[PDB]
Each structure stands twice: as C-alpha cells, then as structure tokens.
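2 protein chains.
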Amino acid sequence: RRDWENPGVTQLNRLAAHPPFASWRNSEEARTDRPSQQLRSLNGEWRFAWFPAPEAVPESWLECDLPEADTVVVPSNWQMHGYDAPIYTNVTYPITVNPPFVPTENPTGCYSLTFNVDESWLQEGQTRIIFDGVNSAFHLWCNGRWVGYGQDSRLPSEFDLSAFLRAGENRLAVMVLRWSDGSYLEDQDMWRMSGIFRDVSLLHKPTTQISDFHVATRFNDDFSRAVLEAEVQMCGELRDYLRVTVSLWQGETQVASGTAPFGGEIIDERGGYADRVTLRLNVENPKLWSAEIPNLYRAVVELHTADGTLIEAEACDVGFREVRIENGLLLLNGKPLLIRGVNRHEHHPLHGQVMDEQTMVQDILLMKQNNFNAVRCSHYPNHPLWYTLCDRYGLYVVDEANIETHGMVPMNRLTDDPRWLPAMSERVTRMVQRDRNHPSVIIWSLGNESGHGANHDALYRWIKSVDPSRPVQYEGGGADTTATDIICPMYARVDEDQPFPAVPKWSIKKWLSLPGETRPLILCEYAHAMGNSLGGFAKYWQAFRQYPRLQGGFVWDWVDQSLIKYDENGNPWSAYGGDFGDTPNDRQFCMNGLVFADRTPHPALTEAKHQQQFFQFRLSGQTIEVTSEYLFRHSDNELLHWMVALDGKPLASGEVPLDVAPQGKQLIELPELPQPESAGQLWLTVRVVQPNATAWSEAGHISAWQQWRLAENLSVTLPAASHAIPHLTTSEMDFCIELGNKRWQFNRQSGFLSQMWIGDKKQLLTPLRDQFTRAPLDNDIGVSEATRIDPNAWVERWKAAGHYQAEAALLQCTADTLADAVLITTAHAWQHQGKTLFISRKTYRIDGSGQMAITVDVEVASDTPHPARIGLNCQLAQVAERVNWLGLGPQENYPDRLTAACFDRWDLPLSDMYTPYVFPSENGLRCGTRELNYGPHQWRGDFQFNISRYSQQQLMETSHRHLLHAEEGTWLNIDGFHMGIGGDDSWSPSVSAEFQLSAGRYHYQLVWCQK
Amino acid sequence: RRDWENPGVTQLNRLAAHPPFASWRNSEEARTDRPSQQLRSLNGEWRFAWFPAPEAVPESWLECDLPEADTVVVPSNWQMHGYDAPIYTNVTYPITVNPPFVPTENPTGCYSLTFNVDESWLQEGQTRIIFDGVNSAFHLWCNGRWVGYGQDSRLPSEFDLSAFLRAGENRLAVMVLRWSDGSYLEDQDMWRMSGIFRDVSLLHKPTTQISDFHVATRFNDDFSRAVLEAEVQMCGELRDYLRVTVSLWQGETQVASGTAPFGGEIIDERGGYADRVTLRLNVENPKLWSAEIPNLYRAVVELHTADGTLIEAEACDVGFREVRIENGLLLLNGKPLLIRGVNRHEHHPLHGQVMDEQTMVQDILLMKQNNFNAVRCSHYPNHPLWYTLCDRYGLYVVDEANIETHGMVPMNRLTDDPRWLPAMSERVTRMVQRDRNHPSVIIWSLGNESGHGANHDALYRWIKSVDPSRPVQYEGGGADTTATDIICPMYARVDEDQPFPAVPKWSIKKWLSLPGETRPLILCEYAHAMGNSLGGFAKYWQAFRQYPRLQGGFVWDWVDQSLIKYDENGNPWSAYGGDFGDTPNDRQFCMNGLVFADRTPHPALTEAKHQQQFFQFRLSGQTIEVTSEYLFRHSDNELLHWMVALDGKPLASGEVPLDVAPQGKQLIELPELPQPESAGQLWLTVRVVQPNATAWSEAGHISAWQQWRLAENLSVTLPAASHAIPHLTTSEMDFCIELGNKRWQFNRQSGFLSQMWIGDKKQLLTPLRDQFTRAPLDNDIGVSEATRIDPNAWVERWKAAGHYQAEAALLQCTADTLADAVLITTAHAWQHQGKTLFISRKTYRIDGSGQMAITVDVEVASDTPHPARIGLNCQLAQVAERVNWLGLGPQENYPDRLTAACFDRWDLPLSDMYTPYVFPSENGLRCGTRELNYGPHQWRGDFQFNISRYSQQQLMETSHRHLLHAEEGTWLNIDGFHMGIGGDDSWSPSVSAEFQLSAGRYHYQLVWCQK
Ligand SMILES: [Mg+2]
Ligand SMILES: [Mg+2]
Ligand SMILES: [Mg+2]
Ligand SMILES: [Mg+2]
Ligand SMILES: [Mg+2]
Ligand SMILES: [Mg+2]
Ligand SMILES: [Mg+2]
Ligand SMILES: [Mg+2]
Ligand code: NA
Ligand code: NA
Ligand code: NA
Ligand code: NA
Ligand code: NA
Ligand code: NA
Ligand code: NA
Ligand code: NA
Ligand code: NA
Ligand code: NA
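Taken in sequence, the protein lines are chains C and B.
Residue 1023 is where the first sequence ends in the entry's author numbering, and the numbering goes up by one at each step.
Residue 1023 is where the second sequence ends in the entry's author numbering, and the numbering goes up by one at each step.
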C-alpha cells in the first residue's frame, strides 16, 4: 500500500485525540497530579536497526528480534546515535519536490521492545499505546500482528492494543519512515531528523470511561464572578446509575463541586447527546490566571456510580482567564497585553529534538528572568509537559499546528488544494483537541510559511467554531489575510516599509492604519538574533509602548540549533549546516538564538531583558518617577536601589520600597546630594531588586534598571607642567622620540607608529594603523555566498569597493618640536584601483608628561559604501589578565545595541572581552568608553573598542569558533566610530541610516599613556 | 483492508475533480458542443452477478467472466433488475447505526465489461475511465490488475487506465458495495438502491492538457459592461511555446478572444503558478442570463503551440449574471428574485435512479409550463446533463452536496466530529469543482438534515473563499445558523409559530424580524404535496409578495417516488414503502410529488401554477390593471383574453395585446357592459395567452388567469302555479309521496329518504343520509400507524371521538300536507358512548313542480373534534357517462386549495371526477357549486361535491389504488361544508383554523329535481 505516499491516508486504526489522560483510580491522586499506576512509561532501552528503505526490512523482524540490532535509548532521534546524518536545510525541501511521493531510498528505523503486561490490565478494560512523537510516519505491529499507522510527527498517535496483548511478555515492532507525504507539511527551518523522539506510554482505561472533557471559564463584567463549565463525554455502556462529578480545588480547599447523570440538553430535531453531560460551577471572586500571577485551580473529573463507587478520574489545572479582542486590542482579563515574546524550537545540542524536563525548566526560568512573558511554539505542537510548565510558571503561549510548506512554488500550492485539506485538517484539529484545556495557550496558530490557501480559511473557521475562547492567527499570504484575527508579520520593520509584491511587509506603525484596518498587530517573528545582532531592538519597544495596537512580538528565536560533534581528540565542538556531510544545506542559518545551544546567553539577551522591563522611569530634578507596566499585580516583591557615582567613583546610594499598583506611578525623591570632590560627570543608576525568591527567580534578582547623567563639572584645571621635555631624533628612516623610560618610533616610509618601548621592553607586535573594516557579522553577509554572491549585502559592497584590499599611501610625514613636546603629523590615502576611498590626517603630540595625544581627522568619499568602522588598530606585545574600563558595559555592546549597557567602571578577565559566536565575526565591542586600561597602558578619549587574542583577519577567515587560535600578544581595535550591527532580518541590509557612517568627515582624539 | 468501513479512505488512486471535459481536437466542434471522438460512452450491455457479501466473490472473476453472470444494461440500479429489493426508509438508517461499520451481509454487485481500445488511444496521451455515479462504493480492476476505489454515489470518480490497457480487447471488473461508510452520509428520504446508475465513459486527453478552467463574469454598476475572466490550469511539461486562447462567441459571432503563454501573477514569497494563466476579456452590453431569458455565450479554451498547432480544446456555455445578497435581499443582475421553486429527486418508476435526457426535458418543460423558475437538487449533485438543460432552458438551481445524516442521534453527531471532516469535505469540494462554471447554479447548499456541526462552518467558509460569486445556504441546526447566508427553513408556516426546543420553526413573517436578523428568507422546502395536499398554498404566495425579504421557496416535491410492480396478469401497479418486502419502511411517505411518477399531474400542480403566475391583476370598474412580476423581460409573447358570462352563459369576450415592461403596469378598459337579460351573477375571467411557441411551450399556452364577480341580478320572479299537487300516502312504516310518474319514500323508523322512483325505476342503492366523516387524507393521518397511534393526528381524534362509528338515532319524523306540497320533517342525533356528537334537523318540501327542497340545520357539540365535513350521501342506482356542473373547476378543488379553479359550466367524463392518488382517500371534490347534473338528476344550492364509483368506506379501507373496484351505481357526496386539506407538513395537524368546521351550528339547503 505505500500509505506513506498518499496524503489521503494519514493514519489507520488510530484512536481519537483528547486532552492528557492518566485514568486515576484514586481521586486524591488525581487532585494532586500524582503518578498514576494506570499510565506506564515504555521509555528506556529498546532494540533498533536501520535500513535504507522499507523494502529492505526482513519479514523475520516482525516476529523476532534481529540479531544485528543494537540496544539504544528511546526516545531519541536516530541521527543523534550516528545511524545517518541530520540535514540542515532552511526553505528548500530535503527531498525532491514531487508530491506526494518520496524517495525510494528512504531511511527506515526498525524499533522493537519486549515488555511485560500484567493480566490485571487484560482481564478488564482497554489497554492502549501512546507514541507522543514519531518522525515522520510509522507502522506498528504487536506480537507480529499489524495494528495501525500514523503521520504528523508532533502529536500523539494512540492505538488500542487490547486484543493484541497477552499476559506476560509481549513484543512491539515499529517501522519508522524518515520521509513520507507528511514531510510535505513539515518543511520548518530546522534540522531534519527522524525517529521515536517523544515519550511512549501504555494507558489502561476502564471499558466505561471518560473519553473527552473540555473546560471553559466565563466571567461577569468585572471578573468578580465566573462560571466554570465542564463538558464531559464517555465511551462504553450507558447506564442510569452512572454519574459524573466535577470538583474544583484551590490548593487544598474545595471551592465547588457538582454531580449529574449523563444526558445532555436537546441539540436538534433528533435529540441531544445521551453520552455527554455539562456541569456548571459558580465561582465567586476567582483568583485570575496571568503570566504575572499564574494562579491555578484543579478540576477533577470523576466517572462513578450513584452508589458511590469510582470508575476512574481525569483532571487538569485550570487558569481562570478570558482572552478576547475588542476595539482592536487583544485583552487578557479585560486589559491590553504587551507581549514580550520569543519563538522557541525544541532543540538540545546532544539529544537533537528530544526534550527533557530539566531543559524545559531551564528555558522557562531564563525566559522569565529575562523579562519574557510569552512563547510561540514555532512551528508545531510541543511535548506535552511544556504546556503544564507554562501554565504553572506563567507564560502566554501561541500553540501552532505542524503545517509548513515553505519550499512549495508558489508557497500555497498545497494549502490551496482541497486534496490536501484532510491532512491539514488533522494537524489543526488534533492539536486543539489535545491542548484546549491549558490556560497558558491564549492563541491558536494555523502553522507557518505555507502561503494563504482556502484550506487555511476553512480551518480558521473550524477553530473559531469549536473554541471561541481564543483568537486564531496565521501569518502566511501577507500577515493580514482573512485567516487571521491578528496582523502577525514576520520581520516587518518599525518605520521602514518593504513593499514586496503581493505580500508586502509594511512598517508596523503604518500597517495598523491602512485603510479599513482595525486589528491588533503582534509580530510572529522579529529581531532575528543570528550571531552579533539585535541591533535596533529598542526601536521596536519604543513603538510598542507608544502605540496601543502594537502589542508586541515574538523574537526569532530562543536558542541556537547547533549540534555537538567530536574532533579527532574527542573534544566537542558546535556544528551547523553542512557539518554532517548534509547537502544542500543552509550553513549557519540554523543559529539564530538569544542563547547558545547549552543555554549560555549571548550578549543580546541582556538587551532584550532591558527593553522588556516592566517598570518605566523618568527623572525630574532628583525626583524619580516609576511607572508600572504590570496589568494585574502590585509591586509586592520589589525595592528600588539607587546609586550616584562620579566617573565610576561611588558618591552615595540608597534603597526605597516600591509600592506601585498595576499601571500606576510612584514618586521617589532622592536625598540632597552633597557636592562632588572634583571635576567629572555624575551618573545616577537605579535598579529594581526583588528581595524575595519566587518560583522563577532567586532572592536579589534584578528585574529592571536605568541611568541618567546628573550634574557635570567640566575640568578647567590646567595640568601640572612637565618637569622634562621629550627629545626627537630624526633619521632618514625614522623619527624617534625619547622621554625618560619611554621611546616612540615613527617609520618615515610608512608614516605609522611602528614601535614603542617601556624600559627595554618593545610594546608592539604590529604597528598602529587606521582600520575601516570589520570581520563581517552574519547580518553583514546575509545570504551571500562564494558561489552566489549577493551584491546587495554589506559585505559584498565593501569587498567590491576594495575596502578590505586597500593599501595606505603616504602623503605626508613630518616632525616638529614645540616648547614642551614633539609633534608628528601624517596623512595617508587609502586607495583601490585608482580610487581614493579614505584620507586619514593625524597629529601625535608627545609631551613632558609622557602622554601621547593622537588626533585623527578622516575623510570618506561620499560615493564609497559607508565603512564598517573608523578607528585604529594594533597588536600589542603583551598578554594581560584583566581589562579595565570606564565606559558602557559590562557586556558586549554596539551603537544600535547598547541600551542595556551601563556607564560605570568595569573590570573583567580578558577572555570575557571576546564573545564566542559559533560563526566568528567582529565581536566584543564596548562603546562610550572614556578610559581603557590594559597591562601598563591606558587610553583616554571617547571611543568604542574591542580587545582579544584574535585579529580581525583571523575572525573573518575562520568559519567555526573551535578553529580559532590565540595569536601572539593582544589585538586592540580602538574606534572613533563604529557602524550598527542591524538584525531586523539577517538576509537583507538592516542597519538603519542613523547608525551608518555616512557623515563624510569624522574626527576623534585619543590620549595614550602609561598606567 | 475493508476500505468501505473507514471514513478516512474515501478513494484510492482517483484523479482530481474538474468541470465537464471532452478533449476536442478541433475548436469548432468545441464551439458547437458536438460529440467528441475522444469521449466514448461505455453504456450498454455489461455482465453482472450478485453476491451477498464481498467475501463471497470468487477470485476467478478478476481474470475472467463468471459463467453464472447475466447480461444487463448499464447504467442501472440492480434492484430494478430484481436482484435484491430496494428499501424505502425515510429517517431511520437502513443499516444498524454503528459507524463506521456496515453489515457483514453486504450485497455486492460484480459488473464487468469486455471492450476494445484503439492503439491510437494508447500510443500517446492519457486514457481515463469515468464513472458518473456508483452507489455506494466500489473497487475497480482492469485486465485483472487493481486500479483504485471510490465513494460518494453522486459525483463522478475517474481513474487513469493508461498503463493498464492494451490495444484490442480489455476487460474491466467493478465490485460495487451496497453499503459503506459513505452510506452514513447518504441517508436521504428516498429509495435505497445500489449499482452503476449513471454513465460510464472513456476520455482521452493529451499528456500536455487543460486540467481545469474556471470562468467568472463581473460587471459594472448598471450591467452595461462585463469582464469575463477565465483561469486555466495545465498538466504536462511546461514549454515556452505553449499558449492558451480563450474565445467568446455569441452564436456565430466572435465576441472577444485573448491569448497568453502560461505563467500567472506573483501570489506570495515563492512566486506564482507557472502552470496556470488567466485571460480577461471585455464585453460591452452583454446579453444577460436569467431564468426569464437564458441568453448564453460559448467560451472555448484552446491549448495550443505558438505556431498555431492545436493540442486540445475544452468549452462551456457561459451565462452573464451576478448573484449577490445586499441589504437583506437576494439579487440577480441587481433585481430581487422571487423563487417559484420546487425540490426534485432523480426518480423514474421503471428505471429507479437512472436519469435520461427525455425524462429530464419532460420535467423541465412541465416545470416552466407550470410557472416554476427554480429547482433545488434535493439532496445531492445531479446527473451532469441536468445543469446543461437548466442553463439552456432557464431555471435557477440550488446545487447540494451529497451529505445527509438525518438518522444519527443527535442529528449532528457526525457533522460536528472532526474525524468526518475529510469525507464531508470531499462531498462539498468535488461538487464545486465540477459545477462551478454553470450559470444556472446560483446558490450552493452544504447538504440536508445533518444538524449543524463545526464541519459545516469549515465548509461554508471554504466555499465562500473559493467561489464568492454564489451565496451558500444550509438548513440544518435551525435554518439560521452561521453556516447559511439565507434563512432557509423547511416547513415553517406563514403565520403560525412551531416553537420546538433548540430548532424552532418560526412563522416566516416573524422570523425575518427577530432581533438582530437581517438575511433574506427562502424556504428550502414547503407545502408538502403528499397525496391530496397543497392546502394553504395561497397563503405562502400572499406573504412572499407582501414581504420583500420573503423571496419564495422550493415546494416539496416534484414527483412521487412510486415504483412499478406487476400483478399476476402482468399488469403494472404503483408501489411504495414495504411493497418489496423492505422493512422497516416508511410506507407512502415516498410519494410527495406535484406529479405522479409517470409525470401525469396531481390536481395540486394547477394550484401551484396559478399562485406562481407572473402577472397580477386588479379590477376597477371597467378597468383591469395588469402588473408584471418579470424582472427583465417585456411581455412580448402575451395577449390578454377576457370573457364575461352569466352563470356560465357567455355574454361577451375579446382580446387585447399585452405590452407591459418588467415590474410595470398596463391599464385595459373593457367596453360598455350591455346589460344581461336574465337573473344570475355575471363573472369576468381573464387569461394570459402566449401566441407564439417558445423553447418550453406551444403556441396558445395559457400562463395566467383571474376571475371576478361583476353585477348580480337576484331572481325575484315568483315561479308559477303547479300543474299538479303531490299526494302523501301514510303507512305504519313509511311516508310516500307521489307526483306524476315519480315517487319518494321516507322510512318512518330510520327517518331517511330510502327510495325514489322515476316510473318504475328505483334511483337509490343506499338511502340519503348525513355524513360527517371522510376517508382520511395523508395529511389527516400524519405518521399515525395501527401499531403506533399518533393521538394528535386528525384521523385519531376523529376515531377516538366515535365519528366513524356514530349511529343515527331518530328523534322525529313527521309529515304534513301544505296547500301545494308535502312537507317531511326529521331530526336525528349521532351518538357515541352516550354523548351526542351531532344533531341534524331537516325538512323536505316536495311540490307540484316535482322539486324536492331539502333544508339541513346541524349542531356539532363544541367539545367534539371539528368534523371532516357536514353533508349528505347516497349510492345512486344509476351510472352515467358525464358529470356537468356550474361551480369551481374543472379539476379537483378543496376549501384551502381552490384558487386556481374557475367558476363556470364544466362537463367531464365521470372518471375525471375521481383523482387516482396512489394511497386512496377522499378525493375529487369540487367546491362552490350552484348546480350539479348527473343522468336525469339535478341538484341546485351552494355546496361542495364529489361523485365516483367508490364509497368513502372503500377508499378508507384500501391502501393502494390498484385494488379499488367500482361499486354498483354511483356514490354521491354533497357537502354543505368541508374541512380544509392542509399540507404545511404531513406529519402534524396542518389545517388552518379558518378552514376547520368549528362554528357549532351549520345550515345548508339543496333542491333535487329531475332533468
Ligand atoms: Mg499518507
Ligand atoms: Mg498506588
Ligand atoms: Mg508468554
Ligand atoms: Mg520556513
Ligand atoms: Mg537607558
Ligand atoms: Mg471508506
Ligand atoms: Mg431526511
Ligand atoms: Mg381568484
Ligand atoms: Na502597544
Ligand atoms: Na548551501
Ligand atoms: Na533559521
Ligand atoms: Na515593594
Ligand atoms: Na568568520
Ligand atoms: Na417577497
Ligand atoms: Na414503518
Ligand atoms: Na418523503
Ligand atoms: Na405582448
Ligand atoms: Na385509504
């Protein structure tokens, strides 16, 4: 039958979908969510053999273990065990496009398990097997007899095994196909793996049983009264003595309870559902659920007889909340949300796509700690425990059907085809049936990047009909089609329109007001965090706060999908597309997260944390105004710490309790601040600190901060004049300057400072030279590739202009003596093929104090692409342990990504001054720096810098961080100006005009001296 | 695999659905709709064998003919060949409800055909087979190899046989299952049959071919300009030299033509459809299509190469018309429709469910001739030719998906379940793909009596999304759900509410105005024409004309589903439910048509024709005002004929040409009305005659009529002194009266006229006695059954009250002689269980003229159910050839169904005075009669009467007309009053209060005399 090449067959003998069951036979266990003896895990060691096609599988395997099989753990992805390669392709399908067919060489994983079944499970009732995730399709046999088949790699497939098992040992055999017609609906941008990658379990239910239950909560106008409505369905034999009891508990207190026999109200001319009953429980003053305060109740559903014997119980956590769109705004409990979201794939660097509770918890704690309140399941239903953690920890969730056909041409070729409606329908309906009782899900999504086809419209309506409690969104076809209640673009920019034909991405501000438009706008994806990125993040947040109908967005994305590989020496390294021999592949495009695959943060996460703060601040005088962005809670776990420092020197500080209602303000007046000792800039830093631990944070967690400049007393005191004057020695080759223990050498043929000495120690490994390029970031490169150059990418523009190849031509090099110093003046031209790109004019003034003041004035031809940076660089001979500076920090920060950084005095080990992005590039810059100290050296001025053991040339020549090698000494890059890093997207230029170095003429000044 | 017990498998290897194709290889043949050499019929003689279950089919059958098979004609329903019995069940499924399973005993029809295939069809191109209709599911093999499987008995299933055929002789094998999971979606109220019942054909297409085409017509505001847009899709290898030309013809004139290479506009980020192209042709002053003037153009779509070589051509008739709902009104070409519709099942009394062109044309003509302008395909897509005929003759059509699950409990059990969404979706999507180019289809329907489930909502939106040109309707779930653009109830009454829980049927006038309601209302079924019915039809038409938003309805239904059976002598008779041994069955409920199975009309058809007239008239003095209800045409084929008669005697007449614009009025002044010379009532009758023949009627066709009373001159002339005086002979047991050669005898113990003689000839077989009951109509019976009485039905109320058992008790019988007459006075009480139900007091006055004047005064107890009639009856000794009367006629008419009858002098053969309803009952009445003549007798008065060879007793005791036998003499029923017949529905009391005999006291008088 080749059922795996027929979209008309997505399953055979599979049971209906339904919310999470456990068939407790003790009600108290159900109340507390304790393990159920009726729900057993079959996870652990199984037998597995790999074959190249289903045709190669031997018949013997159905009845007997293959001697050649290996023993492996399940769940797992077989690529993670080395049986074949995982493939990283973004848009292009990994298989030839020829629906509904798949390749004849189709990797097949033959899994089997011998396991015991107690006779008690078989004497009465039904025993079913549940496979929570099998990628991408499979057949199942039990004790050699075929049971059924299933597709949709991201929802559970359940089969009744009652008539196939026997007391004692039994053997299951599962043949899993890597590719199937379901693969045409699974083209998400992620590694392509396969296997039994989610839990496998066995569930026993009585013959008369709860087969489905739906929980709804509806409220009065002020949310002070609710009615909990629980519709319960049974399968099995109806009898007048059956009853359903639904009880609701808040902790250990029972809030309400109702009992009824089965028999629903009349629905139509034929009657009602004799096999269903709806219980309605009044709840006064319910404690409401939100991501701010995830209050939960427990609904316990008992099926029992009138005389009181329990048959079984099921149950769920219940969050009383209403979600609705009114007057153009998405409201939660009547108040407008501000979504601080992130897209999150299920990815683990060692386990592939298998998820575990520890990793789930770690992700949610980091998310909450970084001020996220929402997550989008990009792009498929997740492992079931995810929803339970979001309900309990408190995160809003977008639950999304496992439908993506991005590689089709045009993209809606399948979604507008009715023959594909059935298969798509089950991906949407099975998801709603399974997850509709979770309060954390607040919005349903129809899938991702599958264009806009009529199947979408049909499905959108089906959901609207079966569950009116949550909005439906879908971005395909232009983000504002008739299949979405929310305008949900991906990568639309704040102010800049991208008027692509048919599916333009308008500026978000403009989009809201197009003629006739009235829906809320929440980006389904924005701020693509690939590599050194998140440039322009603050521009989205300023817009979200100013426009009511801009209600936020989901950043793309949480974690890099890098996989671990081992080198010849056994040492692990982070790999990306193409590193497994996979081709074609999309190389580093699989790494776009705020965090590395092991959960270590990238520097961008701090930027997100700051912009997503829940407290806003203004300063007038010495009065700090604190405004709360919480909608529901008072600031009952927060105090404000304030500190004033002079040039990094602490002058004073205090603490004040914060007591701010949701949406309210608090005014705090600072104390009189005595006058500072000397000249400099006073800076005020305030932080919101939570003194008590929460379920998601430690005592002392800092949730928000902000700084302002206070008074400045510019320095007017003349410097203590030199007890000595430097001496110049002129030679045909060089100009040398000597001052005590110091010596400076300027090469006359190159016009650069080629050497410096302290005592008898040389300080430089490479001379001090102008630098106008950077090792290109992912955002500078975009989709450009050696074999398919994208001439529009910044990297290509610079390359084509000769920026990386330009040679300095000396125009002038002279020396003069002044009354107290020596003055060296140079001028160089950087040219390429005859064109002068940049002119650098400098003066170096060395005085009796030993200080060398460098003044730089650069001209940049108006018609050359604006350069990545304007600065100097050199390789110092020394390697020191610490980097100390007065400037923005402590983490890496760039012009268009520096809001989270604070101006203060920071000191870190040198290695923290390098950010190990998997794909190496310019990194580690710190901006707004007035003093930098390293080894015996100090530089002062107003510049940006980076310092590390890797030169820019090395970073640009190296594709994987594991291949980098520390160079001799230390590379210092000191910039007067640096271009923004961008990131609205990583496939087109995204650096906004205000962060491009287009001024034509630039000036900067540095003082270099000893420490 | 048992694919026929799995709603997840509705087909295997079936090709996509598409509009009618013929693969012409000459464009002019395509233009002219001539027969195509590439489309062959395989209809004719096939081999067939019946089996009790698919398991019983011998494997030998795949490879070769079974010797036991018979040779039979295809298309056919195997029940009509006598292989098994057809079943008539209305709501209750004919199989146990245990979805998706079917009985193990499942009648299987094995059909096979040996036929030739030309090598030219195989050497290039694709040869497919098309089964237009297979009930209910089937497997297909070709030359012993399995091809595919299909479900949905009402849409074509097609399969590519290219790789299975060989030049020369080939053999097809088709195993047809009577029952399948598809049957759960085919519970329509009609005979349950099976087989290959619609056409089987072979279609040859080139490898590079037109695979689909959609034609749309949009207009400017006054319809003076149109844009024809034709989207064309291809299959095969794309090549830059390919082209599509679409040309539009109006008769022989080429109106427009456009050509383009393939390549549609960009649709989304991935591009557009390289395999499609859209041609747009401008049309100025298009001739618009409507049921009034079905103007059609012809669109020819040619697939060819750039040098002009034709590859193939497809084509369709195009009707320029726009259908839209605006401000609560259904508009066609901007004018609000008034639907004069009827539901029509595909039924032939001899061939079952097989349709032929002659029967379809016969139906179409009679419909048009009877002023119908629309038809609803109750309840499945029809044979393809039906739409061609509607497009060309001009009828608005409601095309309805084959989905009816009436027998489920509750009704939406399957339609609300997502697991049945796929199967249902195909029944809707495939109908749309097939019929969307037909102009006659103006509204899509989601099926019938399947409750309201979310699957309906999903499919309603799918339609609206793919074809915005036609509204979508669906009655299930209360008739005004979110799945319907039109409020379309079935059997909702005009003024009376039927507030059933959950799905009330409101009075239609009230429904329109319920709070918040704004849609138009068109009944999908009304005026159930079962048996002697159509009572109150005029009430619906008065309301549709008074209320703009009441836009008409579809009467239930066109033709009785009776089947022919043959008695011992081979004579045919009409059979209904249970007559084939089918049980359970719903007896006569399958006969609800305006016409009998053979197309002979029932009397109700004339009432429908009159109320659905397109001309309305008013009279004011000598002025007749004619108003046209046509929306688009002028009365260019009509003249008004008028006639004035005095009591039936013609006084004057004339004709005036009609020249009225659509919706306009014309005033016609009648000439001076010379006075009449005699007492009597003058009556004016007018008729609209079409002088010229049309495609649907003959010259002389009468399309409308109306009558009015004009002056009346009451008779004040004293008769004249009688030549003689009757004599009274009194005896112990009788009062006899003699006058000339006539004698009357009144029995003194019974109190009735027991005998009357002309000479020595007795004139009565039974005495003249009062009668208060009638042989019950289907509407009087409803669903009541001897085995399950419905105490609320009229017949049961009458029975229970003793109406049929009450016996006359004499209260008084006296005789007096007057100056010139003898007077007999009598009084009788009718009692039951000691209660007096009725009292009848009469006088018989016999005078010198020989006339007997009868006065009747009756009392009816207030607490007894209102009686069916208040009259007298007798069995006359003689039988005469003709019946002549001055009253309403000529056809049968009842109080609530007499608008179409006209007052005049009529004369018919006695048998025309009996209506042969298959299920016999009271029939043949004529009301408003002032004089009745039969043999030598004459009765004068103001009464209603029926006259025939069958007593009411026999009619009520006989269930099939074929078993009635003429009694001796003639039974005459003369009524002073008769109850209405009702018909709003035939399962609950439906006679309106104003037509019930509830006055308590009634008076009538008659004169019987010799002629
Ligand atoms: Mg499949
Ligand atoms: Mg226990
Ligand atoms: Mg054993
Ligand atoms: Mg994608
Ligand atoms: Mg700030
Ligand atoms: Mg099936
Ligand atoms: Mg029905
Ligand atoms: Mg009339
Ligand atoms: Na906002
Ligand atoms: Na590549
Ligand atoms: Na990516
Ligand atoms: Na606080
Ligand atoms: Na690099
Ligand atoms: Na109307
Ligand atoms: Na019956
Ligand atoms: Na019927
Ligand atoms: Na005329
Ligand atoms: Na009868």
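Idealized CB from N, CA, C, for every residue including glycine.
query	result
Same chain, Cβ closer than 8 Å to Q964 (chain B), neighbours up to 5 away in sequence not counted	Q783, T785, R786, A787, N885, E934, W983 and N985
Buried or exposed (CB count within 10 angstroms, at least 16 for buried), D234 (chain C)	exposed
C-beta contact flag for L291 (chain C) and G270 (chain C) at 7 Å	yes
Inside the region 22-58 of chain C only - beta strand (DSSP E) runs reaching at least 3 residues	51-53
Any chain C beta carbon closer than 7 Å to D469 (chain B)	yes
Among B:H1015, B:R425 and B:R157, the one whose alpha carbon lies nearest that of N110 (chain B)	B:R425
Chain-order list of residues whose beta-carbon lies under 6 Å from that of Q1017 (chain C) (same chain, five-residue window excluded)	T867 and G953
is_contact[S223 (chain B), chain C] using C-beta, thresh 7 Å	no
Check: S647 (chain C) C-beta below 6 Å from any heavy atom of ligand 12	yes
Residues in the region 423-446 of chain B having any Cβ partner in chain C nearer than 7 Å	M423, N424, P430, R431, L433, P434, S437 and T441
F556 (chain B) Cβ short of 6 Å to ligand 14 heavy atom set	yes
Per-residue contacts from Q23 (chain B) into chain C (C-beta, under 9 Å)	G20
CB contact check: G275 (chain B) to chain C, cutoff 7 Å	no
Contacts that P513 (chain B) makes with chain C (C-beta to C-beta distance below 9 Å)	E277 and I278
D201 (chain C) CB to nearest heavy atom of ligand 4 below 6 Å	yes
Interfacial residues, the region 400-420 of chain C to chain B, with Cβ spacing under 7 Å	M420
Selection from B:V258, B:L134, B:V571 and B:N339 that minimises the alpha carbon distance to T612 (chain B)	B:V571
7 Å Cβ cutoff, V478 (chain B) in contact with chain C	yes
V728 (chain B) burial status per 10 Å Cβ neighbour count (16 or more: buried)	exposed
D15 (chain B) Cβ short of 6 Å to ligand 6 heavy atom set	yes
Meets three-Cβ-pair contact criterion under 8 Å: the region 146-161 of chain B and the region 14-26 of chain B	yes
Cβ contact (3+ pairs, closer than 8 Å) linking the region 461-481 of chain C and the region 435-451 of chain C	yes
Where the alpha helix (DSSP H) containing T441 (chain C) begins and where it ends	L433 to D447
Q965 (chain C) - DSSP class collapsed to helix/strand/coil	helix
Contact test: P596 (chain B) Cβ vs ligand 15 heavy atom, cutoff 6 Å	yes
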